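# Architecture and fold: a report
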Amino acid sequence: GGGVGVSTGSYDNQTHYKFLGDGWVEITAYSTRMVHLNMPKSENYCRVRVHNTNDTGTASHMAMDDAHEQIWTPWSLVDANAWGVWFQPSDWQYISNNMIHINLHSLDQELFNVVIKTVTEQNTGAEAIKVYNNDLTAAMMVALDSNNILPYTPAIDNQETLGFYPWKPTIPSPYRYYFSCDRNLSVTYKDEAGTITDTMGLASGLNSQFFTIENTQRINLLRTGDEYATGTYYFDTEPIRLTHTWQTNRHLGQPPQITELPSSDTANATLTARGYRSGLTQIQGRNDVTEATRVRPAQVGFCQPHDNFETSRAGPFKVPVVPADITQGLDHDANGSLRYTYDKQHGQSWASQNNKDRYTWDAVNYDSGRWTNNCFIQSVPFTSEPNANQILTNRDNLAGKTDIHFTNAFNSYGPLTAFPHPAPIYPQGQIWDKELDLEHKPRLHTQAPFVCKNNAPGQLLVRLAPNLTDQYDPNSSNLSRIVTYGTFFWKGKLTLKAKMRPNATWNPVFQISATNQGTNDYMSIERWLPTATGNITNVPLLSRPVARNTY
Amino acid sequence: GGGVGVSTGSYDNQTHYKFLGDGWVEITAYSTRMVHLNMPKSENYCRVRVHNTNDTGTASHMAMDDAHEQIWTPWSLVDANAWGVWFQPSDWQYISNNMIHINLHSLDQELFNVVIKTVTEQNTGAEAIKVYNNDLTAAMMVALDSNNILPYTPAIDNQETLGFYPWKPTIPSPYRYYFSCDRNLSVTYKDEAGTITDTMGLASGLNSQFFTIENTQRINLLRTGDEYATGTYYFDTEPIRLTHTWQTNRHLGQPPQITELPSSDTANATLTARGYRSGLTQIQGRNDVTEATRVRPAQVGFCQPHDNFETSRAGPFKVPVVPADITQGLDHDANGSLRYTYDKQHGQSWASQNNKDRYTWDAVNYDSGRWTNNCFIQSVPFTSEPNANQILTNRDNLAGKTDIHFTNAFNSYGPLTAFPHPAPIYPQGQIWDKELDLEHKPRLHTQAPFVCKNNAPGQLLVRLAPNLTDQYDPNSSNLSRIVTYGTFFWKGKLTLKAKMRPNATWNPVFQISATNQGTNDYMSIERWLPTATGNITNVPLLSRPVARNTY
Amino acid sequence: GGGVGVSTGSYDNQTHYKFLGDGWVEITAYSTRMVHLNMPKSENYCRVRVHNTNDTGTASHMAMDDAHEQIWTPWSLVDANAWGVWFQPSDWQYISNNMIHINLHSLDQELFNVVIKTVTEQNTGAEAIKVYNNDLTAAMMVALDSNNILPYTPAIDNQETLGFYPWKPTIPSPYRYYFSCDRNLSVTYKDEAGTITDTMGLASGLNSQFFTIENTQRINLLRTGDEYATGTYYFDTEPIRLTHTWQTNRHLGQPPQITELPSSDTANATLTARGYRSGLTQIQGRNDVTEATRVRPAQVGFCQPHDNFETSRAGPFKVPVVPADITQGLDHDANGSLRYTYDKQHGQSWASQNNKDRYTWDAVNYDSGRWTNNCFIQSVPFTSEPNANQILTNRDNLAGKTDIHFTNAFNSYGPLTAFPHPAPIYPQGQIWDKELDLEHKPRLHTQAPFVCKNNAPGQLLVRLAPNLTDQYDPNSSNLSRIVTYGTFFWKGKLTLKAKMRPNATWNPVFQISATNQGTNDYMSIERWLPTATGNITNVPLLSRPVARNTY
Ligand SMILES: CC(=O)N[C@@H]1[C@@H](O)[C@H](O[C@@H]2O[C@H](CO)[C@H](O)[C@H](O[C@]3(C(=O)O)C[C@H](O)[C@@H](NC(C)=O)[C@H]([C@H](O)[C@H](O)CO)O3)[C@H]2O)[C@@H](CO)O[C@H]1O
Ligand SMILES: CC(=O)N[C@@H]1[C@@H](O)[C@H](O[C@@H]2O[C@H](CO)[C@H](O)[C@H](O[C@]3(C(=O)O)C[C@H](O)[C@@H](NC(C)=O)[C@H]([C@H](O)[C@H](O)CO)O3)[C@H]2O)[C@@H](CO)O[C@H]1O
Ligand SMILES: CC(=O)N[C@@H]1[C@@H](O)[C@H](O[C@@H]2O[C@H](CO)[C@H](O)[C@H](O[C@]3(C(=O)O)C[C@H](O)[C@@H](NC(C)=O)[C@H]([C@H](O)[C@H](O)CO)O3)[C@H]2O)[C@@H](CO)O[C@H]1O
């Protein structure tokens, strides 16, 4: 039933594995958090703009423009979407090593053991002690948006999701969303003479959308004995592959036939002379077949315009880039490696004195990357040994500029392009994402492995109902109210489908393994262990350890 | 149902006896305690090491090395395993006198009448009074580990088990477990010149295990009206014998036949001359049969290496020793007598000004002990009247050292060895123990009479759920929280099977009996009685009073 | 049906995995080999002795004595018992990483596609060409001993088992067994004056056993179209644990309670003073409790007499030693680490110019090892700070000899001893073994994980039936016969039961992983890969990667 002095739920953070048959595993991940909620700093919906002129008023600083318009709401959201919420590091190891693909099934959520307290300051003076006592009749307002009427607002974008540590309490993310506003910011370079427009526009009768939680939602009122339960949500998603691909566009198909086996282990094999070699090529006018010029089934990976900034009405923004392997040439931005910034709750370490910690994720698929300094375009009719005018290298100045080269603006994407879908990032990364409502849709989102086809799981919104003092004027601009905060337990259940991997290879596969301390190896075990004072860190685990044959 | 203002359980500490048939008794022992729980001194799992260089940095002090590595947890354990929890002294007398063997059957446990209070300090100043008031919505976290996933950690090792006095409240033991770390400590003697290594190692990727209660367990949340009940656990164990054996290896079999009965009560009987005596001996080349040299069915008891310190990766440790009778020669360590150190809650007396009280338990089986100064080895071919070179005594210096003798290093254990299983120690001693997970297992554990064959009874873990103030930063290193403590009642039911003893002897058997005060006899009654100020002591009762025929 | 020109079997070397339910896996390993058989070098049973006087005629060389007596038989045995026959390296990785325990179920064997050819030398002269042609009517003799009447003779002892490479043909091991003979070899040291007896004895009417394959067995005759199939054999065995134990005798039980948590990550925690500490110890006369001297449930591991040579009638031999961890002190022989010697067929590399390759296997269980220089025995009554006469160290000269110390002769094994069962060695190691027919049996065999309780799987014996020329005299001492050899396919199916491991730990477990070439790390991948000329090596894989809680 429930009431004062009776718990409305239980605490389960453990993860379970059922083996359903041959190779198939049902993974059930329970997660529970104690959540700390503060009375909102304003009772009102606010429409606020951040316009930073100090940064953008001076030339060439375009890329740091923050200017936008947002609706601030008194509500806060409980957002469970990150991988670090659901699993402990060893679970991720076990899944990553043993399973060929995995998929989302269902999601459950609960709120229980609501506690609301009021704060009074007794013994006013140098002592200034605070007294804490229960308000048994106070309520917490809870709303779930199942129909996704409100703007969809993943909390992991700002790393505001529930913490990754079962035994540490966590806080909600305050709910907010963008509002339509036009921005004009002119494009300049460093120390350029002129004037930067740097203006924002008036509200648009066309594009204005102001949503209210109270008008769009059914709000449940939870006192202490109350509990709230979301129904079971079911994902419709495609499974993601947990094995990386090594196999480049030059590894596809049948190798050339060697003339004979080499005599010693140090010797190299030889091939039929390229003039006499059989094969298929799209080069005209030459009788040759070379491993580089032979036709392949598809383009694996593609060149992407990198550090591309395009401007629509809202302002400049960087065009996303499909994550691919940074090659031996290490260039990160061409291949669009992800870079995370996160706090102690989600990562970092309590030993760290910095405000945030940063990690650059490199794609684990060694096939589709591009190494730009070694890319080139050659003139037609094709020739062996091109001269300087017959080949375009990455050392060539585009539009007479020293640091701009054709690979900056070059886009090779086309019908023949094939690339792997990027990989989940265990402690910090977005599990699922809502699909855009546009008619023509992207083939993949960049940050999130799973995209909900029809309807995303709802956003769970909470706030404290206001406690009013004895004096309340509805027409007053300032509102006096009782200082109040609350805590509650969030529990959720995430079910996944996965399948065990085969091993057909003679040789041992790569695995995620712990390593002794004292060597600086990334997997050195002490990083997953507590310290003497209880400091702990949770760092990104490599994913997709095991290789796969593409073709 | 339960709620605020309704008790969720009852208090039964009394012990019951059912007589089920011929000689068979079902013993049901109820025990109840009020338990006092403090908010944990840290919210974090901590990995801490104690390395005492002051003791081990100087030579010959090896035996006092404390160095290890442990995981400190915020959780506390309620541990009912000691004999002093379950029985009052007269119950132990009654069982020990009348019963030939006894065995464990089942165990139940309950938690009820949870009370949680918060502490505030009013009237700040010289008065500095504390105010106590109920937090009705606060919860206590409870976890039972049935599957024994967590490291198994008997609280009686440190004497941290629940107190032995029904009317006195008791406290939990904080839960902690060892963590893998390597230690190097060199071996030295007193005033030896050199350097002692005395180092500890870095964490091991191989051996590191860090467990979390939240990740491995299902935690129940208990408010005031809530109660928790363990299911019934069932022991699989072998019964233990409650009668001692007197019968030495020289008492086995048929005595020699006397020539004639003696003439007076003071006279001694005589035997057939050893040269003419019939018998069986393993001595070669002599025609004799003596009571000492005649063959016996088995070796009763065996010589043990004593004060043996062996070193694996973790450090030096003393090898355990099967408890046996300290003989007329009184030597304790050769026969491995147990020595307990315990506090007022478990023993001692509230009249005592010492921090702890100490008792040395001597084995009650008078057969299998070894008296070392009278042990010797004799050369082959055997001879009567050996000279100094033909016999090895315990006065002989081994490796040219004054205080080391062969009985230190000598191990006689073999296929013919038979010894009694040691005995339970009533007020302070471990009732049951979990079996090691190794493949080749010890025949008995040294401290505990009962060893659980398959799965030990679960460990019962508790903590207070954190109470947070109005200001909580998840990323802050320091955590401010409301001062909170709680109390609850622990109740348990331990069922035992026992069988009454026969008496076939003409003469009266030895019994455990009280004795008048004024003589210093160990059983003097005032030790079991309260004092004027209420001080009470509970001291070890001898066990296995009644003799038994071995063969 | 079968006949000339029809194959009687198929080639399956692949390994299969069925998932039967929760955590349970049925592993089916097929293995197939082409076997090359030569006409035996003698048609007779021969009783031969090797007596090497050159080695043992001179003092101190006792340990190299090879002297024995054997029955040489014309038969050869096909022996499938090694782990390297059944699995490819990645299969062993997969099993070793993911499975907590494993057990033998059944064994099948087949012989098919028998080919027998005769050799004639045409064009006698400098050319001396050999001609090969089929003898269609020739037969191969096949016998399986199900009842184990013949002496049991594992071929892996000499590393004569079928090769580890599916695509490489292999040869049988010629069948032979020991014959009873007495040897006298006196014990001497280097450059000792005297005479060494070094004799062997005459045949014993008591102990002589001469077995014949033809008299004890039913032999099947296989021509080309014939095939042979063993029935299904079923093992009765205990499963073996695939997880190592780290937990030393000093890691057992509850750690001491620290006074307070340390202030900084560099600080060490402190414990209650040993004089005031509660606990249980077997030391008498001291009021202390130390981590080294506190009582533990059992002895984990034990000291073993090492390089112990005992002599029965047959000669000197080294006493086996239970494999245990070689500690930080690295001493191998005290802990009995295994050392293998093997050829290219079973290992090594075809790049190697040495005749054999050698590997020393160190036990993977980090608990039960002994580090001998740090072991010591201390005098009674116990004292802190012993002087030189009060402690026996490993630097102390035993019997006045420089290099002999008490740990050489010291045996701590007893009732309290517990140790792990050693681990399987993947490429080279014996899977199963027959149990000795003695009444009192060893608790484990040293080399083989699995011991057959009742009846071992039969030995499969083969030979070519003799081809006789036109001239045959039964009474002639020399036998002229047609040069003949044969080939056949051996196929076998080994079924195993295994169970997946749980992971309850927060931190990542250690795993077997491949590693990039260019670092000298043991797991560097190129060792599992072919070379340019086709050379390949198969090296021992570490086993039991994942840690386990002992207690
Ligand atoms: C090209 C050049 O001149 N220098 C580069 C250098 O920029 C690059 O990274 C630097 O070098 C250090 C090497 O110890 C780190 O890699 C630093 O990166 C940090 C970061 O991104 O801020 C530090 C941070 O602490 C790290 N993360 C954690 C959880 O500790 C991350 C992390 O290692 C990476 O993100 C991995 O993806 O890196 C940065 O100052 C180095 C890279 O080796 O190469 C030089 O040539
Ligand atoms: C050999 C020698 O030089 N002297 C020994 C002496 O060590 C030994 O014990 C001492 O003598 C007194 C006699 O009154 C006690 O036996 C002391 O032992 C204590 C102990 O272990 O600390 C005192 C303690 O108070 C006692 N326990 C309780 C509950 O009161 C225990 C207890 O009596 C024993 O453990 C019984 O097992 O003993 C100690 O100072 C004596 C023993 O008689 O013999 C001398 O020769
Ligand atoms: C104590 C001392 O004076 N020297 C030891 C030394 O004996 C010991 O081993 C030697 O050092 C080399 C180091 O490269 C090898 O370990 C050699 O061992 C061999 C062997 O057993 O013959 C060589 C062999 O090729 C190796 N096996 C394979 C398959 O390649 C094996 C193998 O590495 C081991 O058996 C592993 O168990 O070793 C030997 O000459 C070294 C060990 O590091 O330590 C010195 O201190």
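Header annotation of the entry names cryo-EM as the structure determination method and lists the resolution as 2.66 Å.

Moving on: the pattern of salt bridges. Scanning the entire structure with this criterion turns up 62 salt bridges over all chains. Note that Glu214(B) and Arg463(B) form a salt bridge whose closest N and O atoms lie 3.4 Å from each other. Of the two residues, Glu214(B) is situated in helix α4 (residues 213-216) and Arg463(B) in strand β26 (residues 459-464); the sequence distance between them amounts to 249 residues. The partner of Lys493(C) in a salt bridge is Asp108(C), with the nearest N and O atoms 3.7 Å apart. Note that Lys493(C) is positioned in strand β28 (residues 484-500) and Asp108(C) in strand β5 (residues 99-122), a separation of 385 residues in sequence. Classification of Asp108(C) by relative accessible area gives buried; the value is 18%. Among the ionic contacts, a cluster of salt bridges with common partners joins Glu43(A), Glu214(A), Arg463(A) and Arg481(A).

Attention now goes to the relation of the copies chain B and chain C. Rotating chain B by 120° and moving it 0.0 Å along the rotation axis overlays it on chain C with an RMSD of 0.0 Å. A rotation of that kind, with that shift, is consistent with a three-fold axis. Looking at the interface residues of chain B, only 6% of them are also at the interface in chain C, so each copy uses its own face.

Strand pairing in a sheet relies on backbone hydrogen bonds, with the paired strands running either antiparallel or parallel. Pairing is antiparallel in the open sheet, where four strands are placed in the order β18(B)-β17(B)-β22(C)-β23(C). The open sheet has two free edges, formed respectively by β18 (315-318) of chain B together with β23 (391-392) of chain C, since each of these has just one partner strand. Judged from the two bridges that link them, strand β22 (residues 376-378) of chain C and β23(C) form a sheet pairing that is antiparallel. Bridge pairing links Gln378(C) to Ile391(C) in β23(C).

For the rest of this paragraph, the subject is a nonpolar patch on the surface. Together, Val4(A), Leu136(A) and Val4(B) give the surface a local cluster of nonpolar side chains, amounting to about 200 Å² of exposed area. For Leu136(A), the position within the fold is in the loop between β7 (129-134) and β8 (140-145).

On the secondary structure map, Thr56(A) appears in helix α1 (residues 53-56). Aside from chain neighbours lying at most four places away, what touches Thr56(A) is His61(A), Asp65(A), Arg183(A), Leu185(A), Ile196(A) and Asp198(A).

Our next topic: the site of ligand 3. Residue and element names in this part refer to chain C. As a structural note, the neighbourhood of ligand 3 is formed by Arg339, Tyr342, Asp357, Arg358, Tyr359 and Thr360. Note that an oxygen atom of ligand 3 is positioned 2.8 Å from one of the side-chain N or O atoms of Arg339. Contact distances for ligand 3 include 2.2 Å between an oxygen atom and a backbone N or O atom of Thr360. Coverage of ligand 3 by the protein chains reaches 28% of its 850 Å² of free accessible surface.

Residues and elements named next belong to chain B. Looking at ligand 2, the residues that line it are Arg339, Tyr342, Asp357, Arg358, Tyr359 and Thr360. Within the backbone of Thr360, an N or O atom sits 2.2 Å from an oxygen atom of ligand 2. Protein chains bury 30% of the 850 Å² of accessible surface belonging to ligand 2 in isolation. Listed by contribution, the elements that provide at least two residues to the shell around ligand 2 are β19 (338-342) and β20 (357-361).

Cut-off values and rules
- Residues numbered from 1 in each chain as written, not as in the entry; some residues may be left out.
- Chains lettered and ligands numbered in written order.
- Part of a larger assembly, values for the part shown.
- Heavy atoms only, no water.
- Salt bridge = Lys/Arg side-chain N within 4 Å of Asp/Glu carboxyl O.
- Helix = DSSP H or I, 4+ residues; strand = E, 2+ residues; numbered from the N terminus.
- Buried < 20%, exposed > 50% of the residue type's maximum accessible area, 1.4 Å probe, protein only.
- Least-squares fit on C-alpha atoms.
- Contact = heavy atoms within 4.5 Å.
- Pairing = 2+ DSSP bridges.
- Patch = residues over 30% accessible without salt bridge, like charges linked within 9 Å, V, L, I, M, F, W, Y side chains within 5 Å.
- Areas by Shrake-Rupley, 256 points an atom, 1.4 Å probe, with all protein chains shown as cover.
- Near = heavy atom within 4 Å.
- Polar contact = N/O pair within 3.5 Å; in protein donor to acceptor, adjacent residues only side chain to side chain.

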